[PDB]
Every structure is written in structure tokens, then in C-alpha cells.
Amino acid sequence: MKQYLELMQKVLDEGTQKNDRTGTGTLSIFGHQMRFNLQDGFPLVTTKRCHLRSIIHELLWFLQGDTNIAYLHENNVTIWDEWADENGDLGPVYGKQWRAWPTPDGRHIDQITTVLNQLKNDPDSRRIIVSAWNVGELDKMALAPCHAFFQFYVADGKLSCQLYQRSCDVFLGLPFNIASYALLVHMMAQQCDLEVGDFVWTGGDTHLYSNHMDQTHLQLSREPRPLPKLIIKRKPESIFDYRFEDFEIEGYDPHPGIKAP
């Protein structure tokens, strides 16, 4: 995608060399922002084939508030496998915070249900937010949230969303995360009877891993193609009732996928 390809190139040209906790190096920058007008097409990177299948199952798993990978396993999604414990648990990562943020008095807060009621009853609210950054539960998580907080906004019947991504693997994670949130916006817009607006992506520590440089050079020699179009084939009863077969991507014509370690 043009903005994506400019970000890759910016890391290459201005990133500084760092070490990470794994001893693998990176090139990184701090602070970046991109905007995707979702009416221009679904923002799925076309300079490498990206499979939506795992993206879609993970989003639906998040919305059910499940943090055990059994559901992912039933549908052959393995992106979370290395962080799960012997029981398949991740601790209270994304899903748990989205649907049942734990309060000190034993109660839970459903942030998605709050956001839907804010979109439907108070769309101009300036606090239509979902945070996964539960400071009190970071030590229990298998991984601290990378797509840490997001905010919705309504203008002229269009639903926009901005994501603050505190840590971004530009090659591997970013195309996946852009798609995931673009999808959620389409689903929310549909449940609130709104049109789709912008997906604003803001990065904190934004990097390219050292072992992703050949792959990055390959990707930057390719030209982007027109974006595909998302089709939701069935409008369910609520935001918690989507199924994998409700989504279709049309006109997706990417270059061959690029594998990365």
C-alpha cells in the first residue's frame, strides 16, 4: 500500500539500530501516522499476499473475550501458539480486556458493549475508546498488548477509528493489524447503521527486524495494486454474532506472498 511502502522506506532510511530483548537487531523510528479512507477500498497490503483467514478468526476470538487458543486451534490458526501455556492459555490479553476488564471489587467492564451504546446513543462522544492496556494485568499476560488502545469517531454518518500501536513489527505484524482494525470498523459501522470513515494508524516504537531486510527489499521493489473491496454477506443480530463465512474480499490481486522468519 503506498502509505505502508513509504513507512518501510522511512524505517530503512532513518531507523536507528537497536537490540531487542531476544538479541535480534532492528531498525526503528518513533512516532508515525497513516490514514486509510476505507471508502477508497479495504486496506489489505497488495505488495505481498496476505491471508485474511487467520486475521478474521483472531478478531472474532477477541470479540468473544476468549484468551484460550482452543477456538483458534479448531480453525487451524496458529499465530498465538508460541505464547500459550500448556493449557492453551495466554492470560488476560486483548479479548479479556475488551470484554471483561477486571475491576478491584470483582466486577468486569465490557468495553465493546460500552462503545456500541456510545455509538448509538452519543455518537459525538469524545471518549469512545477501547483500551487493552490494563496496567494492573500486564504481568499476567503472555505478551503485553501491541495494538494497545483505539478510539472511534463519527462525522457526517461515517465511522472512523484510530489505533495507537505501541510496538510495531513493520514487515510481519503491521499488514495483519491494519486489516484486523479495518474489519472491525466495517463490522461496527454495519451494527450502528453508519458508513465507513477513516482508519488512522499511529505507531510508537515502529521497527523492521534485522532478519526481515531481504524480504523488505523485495517488497519495496514491487508496485502496489488497487485495493480490494470487503463484502459482508450477512448482517447478524449484534457485533458479537459474526462468523468467518460472513466476510468476502473481492478484487484482491496481490504479488506473491513473502515468507519471513
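Position 1 is the first residue in the sequence shown; the rest follow in order. Just so we're on the same page, rigid core means the largest C-alpha set that superposes within 1.5 Å between forms.
After superposition on the rigid core, the larger root-mean-square Cα deviation in 4 other deposited structures of this protein belongs to 98 to 106, not to the other of 98 to 106 and 182 to 190. Comparing 22 to 30 with 196 to 204 in 4 other deposited structures of this protein, after superposition on the rigid core, the stretch with the greater RMS C-alpha deviation is 22 to 30. The PDB entry reports B-factors from which the mean C-alpha value can be compared for 5 to 13 and 244 to 252; the larger average falls on 244 to 252.
Higher mean CA temperature factor, per the PDB entry, when comparing 74 to 82 with 108 to 116: 74 to 82. Per the PDB entry, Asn211 shows the highest C-alpha temperature factor of the residues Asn211, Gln33, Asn37, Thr206.
You'll see in the entry that, of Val200, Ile29, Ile69, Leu60, the Cα B factor peaks at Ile69. Sort the chain's modelled residues by C-alpha temperature factor and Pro145 lands in the lowest third, per the entry. Sort the modelled residues of the chain by CA B factor and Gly157 lands in the middle third. The deposited CA B-factor of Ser167 belongs to the lowest third of values across its chain. The entry lists a Cα temperature factor for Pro175 that places it in the lowest third of the chain's modelled residues. In the PDB entry, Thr103 places in the highest third of its chain by CA B-factor.
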